[PDB]
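Here's a solo chain for you in structure tokens, the form deposited in one PDB entry.
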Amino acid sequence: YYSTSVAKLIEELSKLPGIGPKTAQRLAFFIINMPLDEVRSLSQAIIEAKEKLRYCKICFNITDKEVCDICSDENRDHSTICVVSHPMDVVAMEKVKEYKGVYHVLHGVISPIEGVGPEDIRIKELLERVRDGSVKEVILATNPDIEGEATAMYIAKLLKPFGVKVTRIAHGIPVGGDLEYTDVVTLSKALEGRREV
């Protein structure tokens, strides 16, 4: 057992996802063993990141400015909007180092259990961007779980009346996977979505 001020660190660190007890203890001692200025850096980086967070006025992504870097990039293709559930999906998609389009961040999915409706996530503003803008394609890239799929599907009906091309990211068997260890639901999509040549 540890002094209170250390128990307090350990407890605060253990609240973070993927940080168990032993891992928290370790980190606490490492931290309180770092030079005071290094621990000041950590501590301030934490507080400042939270304080400085803003949501882009165009796509709602996490940013520092009024309009995020991506939206203000002009040789980036504003006629294609990749719709995503969360800020960190934008990073995942952005790391695919193809894709010159822009983004729309919903901040969630439709979810009757969580009690989240379409009016509780950034859907209407997606509509408005498509209504008021010159949009060639909306790529629905929510997750392929039930709610990500319900959400992409809700959005798709909505955008129908506009004459936009709306696509959904390919479900299937992941690269490097094997048929044996693939759930039956994915096999089904892999088969059903098979493609020529």
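Shifts are known only where both forms have a C-alpha. Basically, rigid core = biggest C-alpha set you can superpose within 1.5 Å across the two forms. In this text, residue numbers run from 1 along the sequence as written.
Keep in mind that the form deposited in another entry is missing from the display, and what follows is about it.
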| item | value |
| --- | --- |
| Residue showing a 2 Å-or-more C-alpha displacement between this form and the one not shown once the rigid core is overlaid, selected from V67, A170, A150, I32 | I32 |
| Direction of the Cα shift between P174 and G148 in the other form, where the change is 3 Å or more | closer |
| Sense of the change in Cα distance from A190 to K165 in the other form - at least 3 Å versus the shown form | closer |
| Once both forms are overlaid on the core, stretches between this form and the one not shown of 3 or more residues with C-alpha shifts of 2 Å or more | 17 to 47, 49 to 51, 172 to 197 |
